[PDB]
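Have a look at the structure below before the remarks.
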Protein chains: 2
Amino acid sequence: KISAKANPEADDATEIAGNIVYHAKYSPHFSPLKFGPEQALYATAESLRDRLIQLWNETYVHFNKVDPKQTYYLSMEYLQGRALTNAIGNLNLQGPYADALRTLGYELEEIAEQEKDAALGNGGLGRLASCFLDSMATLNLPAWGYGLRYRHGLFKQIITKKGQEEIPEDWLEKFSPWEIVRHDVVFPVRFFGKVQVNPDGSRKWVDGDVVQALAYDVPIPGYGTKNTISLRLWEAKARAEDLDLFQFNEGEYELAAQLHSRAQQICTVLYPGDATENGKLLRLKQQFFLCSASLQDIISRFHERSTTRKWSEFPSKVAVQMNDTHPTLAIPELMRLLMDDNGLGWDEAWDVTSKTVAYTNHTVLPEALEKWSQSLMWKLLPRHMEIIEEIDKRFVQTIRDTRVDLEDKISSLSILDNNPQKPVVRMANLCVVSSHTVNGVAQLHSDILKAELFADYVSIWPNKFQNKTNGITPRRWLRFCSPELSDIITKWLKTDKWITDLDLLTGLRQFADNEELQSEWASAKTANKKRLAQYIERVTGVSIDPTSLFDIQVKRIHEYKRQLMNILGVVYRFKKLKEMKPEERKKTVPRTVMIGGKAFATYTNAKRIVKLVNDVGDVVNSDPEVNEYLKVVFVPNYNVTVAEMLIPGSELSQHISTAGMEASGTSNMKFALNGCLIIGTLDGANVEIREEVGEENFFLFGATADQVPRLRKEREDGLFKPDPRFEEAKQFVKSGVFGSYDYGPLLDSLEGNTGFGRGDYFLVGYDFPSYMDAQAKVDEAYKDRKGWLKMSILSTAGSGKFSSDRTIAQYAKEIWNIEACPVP
Amino acid sequence: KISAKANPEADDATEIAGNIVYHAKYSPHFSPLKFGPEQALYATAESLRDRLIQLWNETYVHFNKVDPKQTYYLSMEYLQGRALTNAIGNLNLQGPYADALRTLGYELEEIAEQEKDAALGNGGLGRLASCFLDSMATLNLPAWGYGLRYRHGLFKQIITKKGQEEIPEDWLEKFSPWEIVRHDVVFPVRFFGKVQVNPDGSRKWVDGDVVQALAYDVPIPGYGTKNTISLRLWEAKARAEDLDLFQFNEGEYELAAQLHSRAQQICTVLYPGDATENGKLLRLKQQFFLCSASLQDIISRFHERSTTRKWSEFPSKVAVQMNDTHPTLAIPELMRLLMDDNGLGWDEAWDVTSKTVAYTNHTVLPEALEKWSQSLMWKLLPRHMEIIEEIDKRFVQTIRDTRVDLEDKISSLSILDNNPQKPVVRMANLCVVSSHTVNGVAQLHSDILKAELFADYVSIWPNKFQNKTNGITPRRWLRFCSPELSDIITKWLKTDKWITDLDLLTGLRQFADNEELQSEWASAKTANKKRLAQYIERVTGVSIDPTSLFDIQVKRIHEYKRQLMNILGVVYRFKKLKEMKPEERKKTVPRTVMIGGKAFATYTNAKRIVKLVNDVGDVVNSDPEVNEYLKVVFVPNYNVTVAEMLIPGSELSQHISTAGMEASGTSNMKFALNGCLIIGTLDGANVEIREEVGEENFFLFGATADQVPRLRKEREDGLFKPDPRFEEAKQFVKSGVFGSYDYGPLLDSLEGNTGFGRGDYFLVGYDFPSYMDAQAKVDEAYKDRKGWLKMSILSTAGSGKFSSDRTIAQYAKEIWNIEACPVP
Ligand SMILES: OC[C@H]1O[C@H](O[C@H]2[C@H](O)[C@@H](O)[C@@H](O[C@H]3[C@H](O)[C@@H](O)[C@@H](O)O[C@@H]3CO)O[C@@H]2CO)[C@H](O)[C@@H](O)[C@@H]1O
Ligand SMILES: OC[C@H]1O[C@H](O[C@H]2[C@H](O)[C@@H](O)[C@@H](O[C@H]3[C@H](O)[C@@H](O)[C@@H](O)O[C@@H]3CO)O[C@@H]2CO)[C@H](O)[C@@H](O)[C@@H]1O
Ligand SMILES: *Cc1c(COP(=O)(O)O)cnc(C)c1O
Ligand SMILES: *Cc1c(COP(=O)(O)O)cnc(C)c1O
């Protein structure tokens, strides 16, 4: 009935309905008879993109006129998730859009479910990046992100009888309605080739392969602001003229299209397998391609703002932030662009580069810092190796000529490790030496960087090193994912200003004992639990009881994350439930356990752990004697959407990594913000959460990070004494109770005292008893409903500090020296 | 200045200007700073596509409600050219769009020049297809075309010092604003695999590769009607799930993506080189892909129109027309879809197939009819070979049962040639045996098919064979490419109804001697010649004199087309001009010779001819003693756009193929319609043109088709006597006058009496003298300006018969049994 009428600025139900129908008809991607939910999604998204374009454009023009110092965030991952709910929310158009879609015959919820997540990231590195973008927008900061437009993500995880199987993502196999292609924004990116030395001493990278980098903008709208910034993504492309027709017409199709194939490879998947030289080269190509395209674009915008400019202004007008060591090549690439393409001398280009770049480190373990073969780097990126060797020459000369106390450490401090067997470039060393600031992501992590990992560098530059505690946006992670709870918070604080000033949540503490609030709290959590139930049934086929305790663990599958401990706990609780009399079973607290996460495909034990969880669920969930008191579900394809479904409905979440292994952990912060209590080790963000929410609202257990090496040494000296419940759990897994899959090889990782891959290095067995004791505390606290709801309210009430708004403001002031630039 | 305001139905300058700016802003493909000619082009096209969508939709719905019999035209080529001018013209929005672009700061002409031709075809087969689509739309016929969405055409021709070089077309490297993707219209297409026999006797093609066939519609608007039909184009695609991640992550990138690569190959170029087994298989895959995707879509639309349907209705509701033998596989594919996917028995599916399919043949030479190795067919399309062998078994049984006088000819009449040395499938035989109608494309061609090529088949089915003389649309080829001449015609006929009733042009004959008309005619031709001069200067750098005689030959470069005869004529003319006294040179008619066309890349002598034309021009054009009387220019990258520039400005065109070699030739018709006289052999469309325009208005020469074999035999018997002027032309080319390129090997094709590639089989030497005598007649006729202009007017006046509207109306009534279905 509703007729097409374009209105790019539609802000009421009737105008918005007209604009959606306009796109359906005049921006078609389907046959015109079809107006199903999927077609309704694309039309709605295109209706919203109209407003996004207006704002993006206004923002671009304003930043152009003002010529503020601008920050560019370089990341190999962005976990954008779905864009619909967030776009509608930040434009504060919820009611009008929900009403428009109703007049067109749909519930907004159903349409929202059609959207595929943007497969542009994998883990916490990427979701941090995504949260940061939302906060940069909302704080009106002149800042952008750059990334790669990956076609297939890491992988879509499916769960079969074999356990995890890995299939390419398909989010772009029709189209993304959010992105805007910029066919004028193309930069050449080189690979391989060699260095031409000119008579005047200048140098030029020549020959090799040249790919085209094409820009796509993804608009990022701020909450309660016109300010709309960009996640500018690159697509690697060959030109038509790069296809060799002679070869094609001889039947040599692969040779004919070899440039197109190498360009496609760059944006196929994140973290392509790098056991072989091909893979190592591919990963390096992706990092270089990000770096080179992004820096060419940045330099081009710097010049475009010239009202007449001097290169001395560059580090007063540009900040480049490296998320982890993946964008390390920005350092030598910026030197290359300055000196070769722009004529600067080494000293002037170094002064610019060292004042522009900053490095954020996300790791405790020095073994985990990136290193590349010097031969591979010479092959792919000869001119950059020239620049890197010069950076290292100068640095080492300075240590030799000023720090004689460090002479014996030059072999570890240098960027180039000239080990006779496997000479490498130490990318973290390149980052620390070159960057004006280096930061960690939690206080303890940052102290560990200063005191252990980079101590000799701290000695050289005692003001280089800073902390910036991670955070999460309360838009995506509370306001938009839990609207009913958000309405309760607004009502009781008598303001909605908490959405941009999350510290206002402490105003809930005075009401934590108030039974009317506890009632409304409980109703909210229950609603979310029924929605979650529905979802889990939909996607795993298992019915789950929403009056049961929802216990959730969702992280990357990995021995140090200790999913294996959780699952052995479940196996023990199952066994005891089975042995109990039915009269005794009625005393226990019913529980639905939910584990999810992806396993790196080639990581054998991680894949065995996923298989184990599923085999355990298959048995427990189908056992009519205890399945009223316990169910276990492996939740597949964990991504932002899945987190948006689980987090609002969560009651207990598990953050149980071996102490000392986690720098941070932002999912912890999401769960705490949503009233979900944590069972956790004293590690990463758990430390700060427990501080802010109060130790009485947190379930702590396990060895502490300083005990861990002592306890490993006790194991090696044969002094470990396994708890009987742990031994019984193990045996039961080895009993055959969970089918014909031999779990013996997985569990052998927990056996013995010595050997790589043996001796329970992650202290599954040692922590097990305090872990089970904590789970007993959870049960007892759960049975006291009023006490539970009080703890849940305090958890939300104490979450203010974890806002990514706080984090980004600190970066803005202390590292980038940028400020708000609100679009009028 | 002008503000964005969407108006899909914009019909005046101000509304249209707003809609263009609306697309520029809200359908962006560029950074928002840029509004150059290219960006203007895209925005203007999108503005027009708005109107095209409305009409396409209205048309689709109307055909759906009516359930008329509908024709589907299958072609491996469409020469669509540029769409802008044609779209504006058919919507009769010329004035409003030219004014809109002027208010936005542009001339429509400049915007028009930004458009890349759709590289979807190569030659006359494809432009015929494109003309037919325009006439289907204009005559309100329920008819569509199906084609492949080729990414890179055949090739873009560049001319370098080496002559022709071939580069991939790039029309899709940003996007095409005309097409509409239909993500719900996807069909599976199989290759290789094997045939499963089921216990119930049914058979199923299984295994092998499976690609996805995705539809894109290109709207084809009719002149003076709402009726807008489709050229539906297929893209071959792999699914994301077809990428093998294990292999990708092992560094085996080619293996990982091998399905994606085989899908991409299908739509890379037209006519991929087929000397090797790979290429033969790729060409077959392209034909099968077209056929299978198209027929699945047709069957799906047949069912979608059901009001309740019976299969007996299918051939009353569907006609499939095969343009040449490339869609031969529609016959067995339609039997496969009917019997396997839809459950029909052989006899019912054959009755349906034989009444649905018809075949248009375009060939005089039996050596030219497509044949494929039986083994290759078995490998790629096993189920189709099963069906083909059954068709052939039954047909041969029919000859035994009913036409025992043909028993001895079964080995030539059968579809399967079981020659022990080279067993093949004869695709033409399959087409003739299966189709209810077979037609040729000119009266003489059709008589040759009945009397020689398929005589025994005519004997079996004496009503199968028909003629349908080709034609051209007077919209693209007169009304839109020559607006000024069109305005003169309208003024003198006192009507513009000729645009859809081209036989009205005979009303110009009474005026062919009228001095005022001749004056206006000349003025019109002169304006077109100056535009052509500009263009030639732009695209070759050669400055040409528009008061000279413009002599044009534009066809595929080939020894039988006899560009080599033309160029040797030019070389002789140049030599005589140089030898003349300047007093004598002033007696001659100045001439600009223009040759163009593409050479197949591996066809050595064709490429040598392109080089020769360029080397001759380089010398003549830069010779200040005769370049006032002669210039020669090779016009590069001949395509629809180039013909749109040359044809309106042409005075003489050359259609000089060896007699008996051409079935038709539509470019002949386009020239005749535009008042350009023809120097030509008695062959192809020249026969009918000369009849219609009058023998006094045509320059005929050369051997006739009945003489050709006798003359070839005389050459073999050593009785040929070369004309001295021919010999002198040859020698001068061998003199070194045209640079260091040795033309000896090229000319060796004209030497000797026997040998493949030798002995002047195309009668260049024999026809040369009557050719030079005709060119002499042209010069004399040119000097009599009134007599020339009378002949030019008579040429246009007699061109009515060559309308594609006549051609399609005949197909509609006599072959498809479809009728007008005007959209209200
Ligand atoms: O302003 C001085 C100078 O700076 C730049 O030269 C640097 C090169 O760009 C860089 O490769 C490196 O040069 C070394 C070569 O790699 C090596 O092969 C050998 O020749 O030693 C060189 C010096 O150590 O370092 C220099 C400068 O230190 C810029 O390219 C010059 O144009 C510019 O004049
Ligand atoms: O008419 C009913 C019957 O028709 C269809 O069968 C045909 C097959 O589809 C077709 O291939 C061909 O089959 C021959 C096989 O190719 C070959 O192996 C040979 O040895 O024997 C077969 C029979 O000639 O011909 C038959 C029809 O003559 C349809 O698929 C059947 O299900 C249906 O029963
Ligand atoms: C927040 C989030 C993460 C990061 O969580 P960690 O605690 O570091 O494991 C990862 N994936 C998704 C989908 C997230 O939403
Ligand atoms: C009309 C046309 C053709 C068909 O020409 P023939 O005379 O059949 O060779 C080929 N190419 C182009 C660009 C045309 O416009």
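Sequence lines set the chain letters: A, B, ... in the order given, protein chains first and strands last, and positions in each chain run from 1. Only this structure's heavy atoms are used, side chains among them; waters, hydrogens and symmetry mates stay out. In listed order, ligands and their atoms are each counted from 1.
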Practice prompt. Work out which heavy atom in A:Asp347 is nearest to a heavy atom in A:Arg394; give both atom names and the distance.
Written response: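 Looking at all heavy atoms of both residues, the closest pair is OD1-NH1, 3.4 Å.
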
Worksheet item: Which of these, B:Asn470, B:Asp683, B:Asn686, sits in a side chain to side chain donor-acceptor pair (under 3.5 Å) with B:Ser664?
Response: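 It is B:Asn470, the one option of B:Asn470, B:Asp683, B:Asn686 that forms the side chain to side chain donor-acceptor pair (under 3.5 Å) with B:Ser664.
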
Nearest to [atom], what protein heavy atom do you find, and at what distance?
atom                    : answer
atom 5 (C) of ligand 1  : A:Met339 SD, 3.8 Å
atom 7 (O) of ligand 4  : B:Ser667 OG, 2.5 Å
atom 10 (C) of ligand 4 : B:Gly124 N, 3.8 Å
atom 15 (O) of ligand 4 : B:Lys670 NZ, 2.7 Å

Under 4.0 Å from [atom], is there any protein heavy atom?
atom                    : value
atom 32 (O) of ligand 2 : yes
atom 21 (O) of ligand 1 : no
atom 25 (O) of ligand 1 : yes
atom 16 (O) of ligand 2 : yes

Fill in: B:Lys598 NZ/CZ over B:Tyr638 ring centroid, <6.0 Å and within 45° of normal
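No; the conditions do not both hold, so B:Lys598 does not lie above the ring face of B:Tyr638.
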
Discussion item. I want to check a possible cation-pi pair here: B:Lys670 against B:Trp477, using under 6.0 Å from ring centre and within 45° of the ring axis as the test.
Written reply: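 Yes; both conditions hold, so B:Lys670 lies above the ring face of B:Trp477.
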
Fill in: A:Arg203, A:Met385, A:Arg383: member with heavy atom nearest to atom 18 (O) of ligand 1
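Residue with the shortest heavy-atom distance to the ligand atom: A:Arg203.
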
Worksheet entry | Per atom 11 (N) of ligand 4, closest listed option by heavy atom (B:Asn470, B:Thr666, B:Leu79) |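 The option holding the nearest heavy atom is B:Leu79.
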
Worksheet item: Would you say A:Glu390 and ligand 1 have an N/O pair spaced under 3.5 Å apart?
Response: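 Looking only at distances, the answer is yes, because the N/O contact criterion of under 3.5 Å is met.
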
Discussion item. Looking only at distances, can you tell me whether any N or O atom of A:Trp346, backbone or side chain, sits closer than 3.5 Å to an N or O atom of ligand 1?
Written reply: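 N/O-N/O distance under 3.5 Å: yes.
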
Practice prompt. Say whether B:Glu348 and ligand 2 are in contact under the criterion: heavy-atom distance to a ligand atom below 4.0 Å.
Written response: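 Contact absent.
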
Worksheet item: Does at least one non-hydrogen atom of B:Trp477 fall below 4.0 angstrom from an atom of ligand 4?
Response: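 In this structure, B:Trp477 qualifies as a contact of ligand 4 - some heavy atom is under 4.0 Å.
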
Worksheet item: Do B:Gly345 and ligand 2 have an N or O pair less than 3.5 Å apart?
Response: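 It does not: no N or O of B:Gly345 is found under 3.5 Å from an N or O of ligand 2.
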
Item to complete: Examine distances only and state if a side-chain atom of B:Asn342 and a backbone atom of B:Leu344 form a donor-acceptor pair shorter than 3.5 Å.
Response: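 Side chain of B:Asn342 to backbone of B:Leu344: no pair is present.
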
